[PDB]
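Heads up, the Cβs are rebuilt from the backbone with ideal geometry, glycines too, and the neighbour counts pull from every protein chain shown. Derivation of every value follows stated rules applied to the coordinates shown; laboratory data play no part.
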Amino acid sequence: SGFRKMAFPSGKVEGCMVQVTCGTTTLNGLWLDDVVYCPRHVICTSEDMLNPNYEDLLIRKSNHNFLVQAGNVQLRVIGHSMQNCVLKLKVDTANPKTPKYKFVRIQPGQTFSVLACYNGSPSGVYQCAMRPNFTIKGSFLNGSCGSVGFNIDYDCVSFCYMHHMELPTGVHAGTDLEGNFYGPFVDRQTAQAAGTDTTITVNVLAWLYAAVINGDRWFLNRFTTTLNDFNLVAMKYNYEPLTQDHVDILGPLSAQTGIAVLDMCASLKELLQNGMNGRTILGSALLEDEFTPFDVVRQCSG
Amino acid sequence: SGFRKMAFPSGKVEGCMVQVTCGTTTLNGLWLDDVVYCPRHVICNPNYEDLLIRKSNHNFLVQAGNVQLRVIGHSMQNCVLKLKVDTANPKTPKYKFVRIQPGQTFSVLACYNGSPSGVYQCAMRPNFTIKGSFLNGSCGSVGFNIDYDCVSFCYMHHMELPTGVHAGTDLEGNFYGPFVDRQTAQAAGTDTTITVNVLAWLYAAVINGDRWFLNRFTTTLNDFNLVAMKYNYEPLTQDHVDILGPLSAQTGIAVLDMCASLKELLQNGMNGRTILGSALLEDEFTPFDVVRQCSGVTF
Ligand SMILES: Cn1nccc1C(=O)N1Cc2ccc(Cl)cc2[C@H](C(=O)Nc2cncc3ccccc23)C1
Ligand SMILES: Cn1nccc1C(=O)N1Cc2ccc(Cl)cc2[C@H](C(=O)Nc2cncc3ccccc23)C1
Ligand SMILES: [Cl-]
């Protein structure tokens, strides 16, 4: 019993964190085999961030301009290339602690663990979700650039995010490990803002099924709804539209609890109308949306 | 910017998790140097000296990854079983066994079959239980803090109470709370809110630009403790006030000034508003957790 926001054990990722320095900039790198991946804005000198020409800045660099530090050991850079917004530094030593890994690009609503680092040293681990507006509500301070988001599947680490920047509302933007940004963001300190955020409906439903699995049923009702009527209601509360794929994905949880997906949708509709009336669901006074259907199955059953 | 419930990096602890099997029971063990520590109920009113005397070293199957460790001795210290093994753990970090006080937080590495599956942050409740997330097989999972490079082991999971909350011991086998390691009628006492932690979380909200709850008022410590007693909040001591000093100096809001904000929040509620994305007053962040997360301390 119990339901917590749980992160993956960070050990396999900790053994990959390095510190990357170029001139006066210091950020984090991910050392996998003989390559160190880091944000390409490590080559920028702040008054470059408005309109940086990364190809022009990178052509003026040599291998010995990049100082890479893994613990108390300096790694020697023997090559460098840019792939989208990530800089790949070829090093002379392969990481002996390299786990089994993959680079995966995730979709909004997906969750992942973040190992927050400063100066190549991990300081904390937390769980979070890719928001529908492509930002993450992280906990990052200056120097956290290059911190990574991941999931662990059996013994394989799936790298899905690299931290690049903080937007004006306090939210964060970054790229997949191939350097492609999530969202319409760019590695420039130009006027950019996160779009209006919405609630991840399929995740709230998954969390309502987890509450039922843990013995809480107060919010259920005798009603059902059509998918269309549910979306008509939910959009008025800034909830993401629920698709037939979301309904299909919730099938296992529906079969385990005996509550049809559209019956649970009627309960959610009523919760949005009434609020919680002093009650909580899994120790929360708000409807939680940072647990996917997959997270619920993994934590409530295994 | 941002404020998350953050756990310590679990790597130094992952390298210590082993699977312990005795008969039909399988749980987790903590392998430090040449000793494996695990709940003594793995051998299961039970007379544990009588049950343990009937066991031999080869009855305990210890598995570290895909390698079987050979047990060469065994002894009991309170509610923890100590299994002497032939191989010292090469991944043993610098460590200490520490006993924590209620209100103090720690990271939990939840494990099943000697394999770590998740890490989460939680607090020792005033009623000595933890609101964890555990299933059958979690027994022997450990709670810890990391101080520089030293891991401080403070908790070992033993059981789940009827309300869904958890009970365990320190690494010396002494239970937190009036609990016993057996199948009997026991229940968690009435819980209370950790006041010093709520205040720390209100200071973290101010640091992140959330000031709506602030007011021009102050209060005496005595007048505030009468309010705390009425709302099932733990009494706030002069030590708690002293501990909050750095946060008070950083934000410019005196501790008793923040107590007046909490008093108004307790008597009037949040009125549709949230603080750090929460509609409830959060109490599982200590004053030190707030300073550490709002400064970027590494391990
Ligand atoms: C935040 N900001 N708003 C205007 C100017 C800045 C600013 O400090 N930076 C500008 C900037 C622009 C584009 C890119 Cl790709 C990176 C950056 C850097 C950045 O965003 N770094 C940070 C990354 N993550 C959490 C941070 C928290 C607190 C400070 C900094 C953080 C530097
Ligand atoms: C919970 N319960 N109510 C009646 C009987 C049991 C019961 O399963 N156990 C009895 C018991 C008695 C004393 C001690 Cl020290 C440990 C235990 C064990 C325990 O509590 N283990 C668990 C520990 N943590 C989360 C669990 C989740 C689901 C199952 C088990 C869990 C087993
Ligand atoms: Cl995805």
Completion exercise
Scoring region A:198-301 by relative contact order with C-alpha pairs under 8 Å, at least six apart, yields a percentage of 49 percent
Exercise for the section: Run down the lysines and flag those whose C-alpha is under 26 Å from the C-alpha of A:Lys61, throwing out any fewer than 8 positions away in its chain. Expected result: A:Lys88, A:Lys90
Exercise for the section: For region A:145-162, just list the computed ³J(HN,Hα) in residue order, Karplus coefficients 6.51, -1.76 and 1.60, θ = phi - 60°, integers in Hz, with x standing in for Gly and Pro. Expected result: 5, x, 5, 10, x, 7, 10, 10, 10, 6, 10, 8, 8, 9, 6, 10, 8, 9
Handout entry: Dipole magnitude of region A:15-99 about its Cα centre (Cβ charges: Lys, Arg +1; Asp, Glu -1), debye to nearest 20
Key = 180 debye
Exercise for the section: Would you kindly derive the ³J(HN,Hα) couplings of region B:281-290 from the backbone phi angles with the Karplus curve 6.51 cos²θ - 1.76 cosθ + 1.60 (θ = phi - 60°), listing them in order in whole Hz, with x for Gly and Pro? Expected result: 7, 6, 10, 10, 10, 6, x, 6, 4, 5
Completion exercise
region A:219-261 scanned against label point 7 Å out from A:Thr196 along Cα→C-beta; backbone N under 18 Å for A:231-242
Practice task
Using only atoms on other chains, find how many Cβ atoms lie within 10 Å of each Cβ of peptide A:133-139 and report the average.
Solution key: 3
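Partner chain Cβ atoms within 10 Å, averaged over the residues of A:123-131 - can you pull that number for me?
On the way: counts 11, 16, 11, 10, 7, 2, 0, 0, 0.
Going residue by residue through A:123-131 and averaging, the value is 6.
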Handout entry: Selected from A:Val186, B:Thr24, B:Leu52, residue furthest toward positive end of dipole (the protein assembly as shown; charges at beta carbon)
Key = B:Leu52
Completion exercise
From the cross-link list B:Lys12/B:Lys96; A:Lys97/B:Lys131; A:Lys97/B:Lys94, the entries with a Cα-Cα span beyond 23 Å are A:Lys97/B:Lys131
Fill in the blank from the handout: For B:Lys263, counting only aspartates and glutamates whose alpha-carbon sits under 17 Å away and dropping same-chain residues fewer than eight positions off, the answer is B:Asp223, B:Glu234, B:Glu282, B:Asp283
Practice task
Give the Rg (one decimal place) followed by the Dmax (whole number) of region A:15-99, computed from C-alpha coordinates and expressed in Å.
Solution key: 12.3, 39
Exercise for the section: Quick one: check the C-alpha center-to-center distance for region B:92-163 versus region A:91-152, whole angstrom. Expected result: 24 Å
Practice task
Determine the sum of side-chain charges near B:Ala204: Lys and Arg each +1, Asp and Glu each -1, restricted to other residues whose C-beta is under 14 angstrom from that of B:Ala204.
Solution key: -1
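State the percent of C-alpha pairs, over all pairs in region B:192-295, separated by a distance greater than 17 angstrom. Spell out each step's value before the answer.
Values: 2434 of 5356 pairs.
In whole percent, the long-distance tail amounts to 45.
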Handout entry: region A:265-289 versus region A:188-262: alpha-carbon centroid distance in Å
Key = 12 Å
Handout entry: Fewest-first sequence of A:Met17, B:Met76 by Cβ atoms within 10 Å of each Cβ
Key = B:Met76, A:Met17
Handout entry: Cβ neighbours within 10 Å from other chains - mean over A:294-301
Key = 1
Exercise for the section: Output the DSSP H helices from chain A with an along-axis C-alpha extent of no less than 15 Å and a mean Kyte-Doolittle hydropathy no less than -1.0. Expected result: A:201-213, A:261-274
Handout entry: Charge context of B:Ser115, other residues only, Cβ under 10 angstrom, K/R +1, D/E -1
Key = -2
Exercise for the section: Count charges around A:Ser254 for me, please; just the other residues with Cβ under 13 Å from its Cβ, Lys/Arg as +1, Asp/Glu as -1. Expected result: -2
Handout entry: All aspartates and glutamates inside 16 Å of A:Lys236 as judged from Cα atoms, apart from same-chain residues fewer than 8 positions distant
Key = A:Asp197, A:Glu270
Fill in the blank from the handout: Helix-only [θ] at 222 nm, chain A, -39500 (n - 2.57) per DSSP H run of 4+, per residue, nearest 500, equals -6000 deg cm²/dmol
